[PDB]
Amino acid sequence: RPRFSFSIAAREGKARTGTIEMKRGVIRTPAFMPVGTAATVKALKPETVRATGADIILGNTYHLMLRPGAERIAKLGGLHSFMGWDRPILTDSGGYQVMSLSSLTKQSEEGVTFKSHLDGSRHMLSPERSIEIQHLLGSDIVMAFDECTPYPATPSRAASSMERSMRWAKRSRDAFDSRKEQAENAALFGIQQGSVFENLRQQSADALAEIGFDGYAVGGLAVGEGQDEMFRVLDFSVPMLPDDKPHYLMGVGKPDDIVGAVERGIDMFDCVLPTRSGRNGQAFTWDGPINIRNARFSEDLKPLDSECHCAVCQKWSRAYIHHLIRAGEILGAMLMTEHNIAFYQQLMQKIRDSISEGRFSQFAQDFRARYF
């Protein structure tokens, strides 16, 4: 396969379905990417992640640069070899989790300095260092290093962050291109900023397209603005991005958010919702999510979801999983997580099929009627 090739096979309104071909594999879009925090998709072997239908997973750069270390992972053969996943891996820049999880973050035009929330050590992440770390990890899809804008944001602060992000996008692009091996085997995605302001989103889109990237992410959303506002921003933002390149909505995962985002032109998603769901006891079903810990499931012999085809729903009952979760058993987490990721992959498959068959709008309507 080529380094990168996105082809749209079908459309319906703003929705698209197709494939991204990369050296390590083919990614069917719209795609949902399970999140692998510390070089592991929580409670699942890579083979199980693949069995659910996942074509690609996401790796958290922040955690990886801290815990095992980027250089160490490189010496060990790369992230793919290290964790046992041989298909594409998209890695975030690490900047977002720096502003969220680390201590004493000192920001500047050069980048960000911070203290680890683990050992209390210090690191200086920048557009160049972030790109380098993702290269050391052996990432297939590299995210440009940006500055995420907090919600709510004033027009002037949103403009300043967006402008810095665009300067950092150019630096990321140049850093990526100067590294022959990375430029030839991996892809680079740019990230649109601008908060909820249309003029800023437009300026960001133009700057990103001017530089040129393999894909474009809509950043700055799912930060506390609510679904209505998120959808409203997507309404005018997605059309600004190049039509022939993938559109990635970062950190968006509720089933209904995904359906609405695809209706607005989004091709890629990622979220910790599926994995963290089977941590507090939340299991997704076509009739809405359920909390398996509730007493009403103690003697329920039915599977998590009545039509889900995952191994968990074929072999175990709600009653058993209810017991496991309440007992704090590891198998409870393993089973809940496998089901949830499988449910998400089945959702993406139903979305892809409906678009290909020109009945996506009907699918969205039916999905919502039953889910709510």
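We call the rigid core whatever largest set of C-alpha positions still superposes within 1.5 Å between the two forms. The first residue of the shown sequence is 1; numbering continues from there.
J.: Consider 234-242 and 294-302 separately and indicate which one has Cα atoms farther, on average, from the shown form in 6 other deposited structures of this protein after rigid core alignment.
T.: The answer is 294-302, which departs more from the shown form in 6 other deposited structures of this protein.
J.: Core fit done; bigger CA RMS in 6 other deposited structures of this protein for 24-32 or for 321-329?
T.: Taking the RMS over all superposed structures in 6 other deposited structures of this protein, 321-329 lies farther out.
J.: Taking the other PDB entries of this protein that cover both neighbours, check whether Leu188 lacks coordinates in at least a third of them.
T.: no, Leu188 modelled in all other entries.
J.: May I ask whether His339 is missing from the deposited models in at least a third of the other compared entries?
T.: In all of the other entries, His339 has coordinates.
J.: Name the higher of the two by mean Cα B-factor in the PDB entry, 145-153 versus 216-224.
T.: Averaging CA B-factors over each stretch, the winner is 145-153.
J.: Using the B-factors recorded in the PDB entry, average over the C-alpha atoms of 80-88 and of 250-258, then report which stretch comes out higher.
T.: Looking at the recorded C-alpha B-factors, 250-258 comes out higher on average.
J.: Can you tell me which of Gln134, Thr105, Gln182, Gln193 has the highest Cα temperature factor in the record?
T.: Out of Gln134, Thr105, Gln182, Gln193, the record gives the largest C-alpha B-factor to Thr105.
J.: In this PDB entry, which of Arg129, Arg173, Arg264, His117 has the top CA B-factor?
T.: That would be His117.
J.: Lowest, middle or highest third: which one holds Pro68 when the chain's residues are ordered by CA B-factor from the entry?
T.: CA B-factor rank for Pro68: highest third.
J.: For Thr61, return the chain-relative third of its C-alpha B-factor as stated in the PDB record: lowest, middle or highest.
T.: It falls in the top third of the chain.
J.: Looking at the C-alpha B-factor of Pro30, is it in the lowest, middle or highest third of its chain?
T.: As the PDB entry reports it, the C-alpha B-factor of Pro30 lands in the lowest third of its chain.
J.: Is the Cα B-factor recorded for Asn199 in the lowest, middle or highest third of its chain?
T.: For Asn199, the deposited C-alpha B-factor lands in the highest third.
J.: Where does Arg164 sit by CA temperature factor within its chain: lowest, middle or highest third?
T.: Answer is middle: the recorded C-alpha B-factor places it there.
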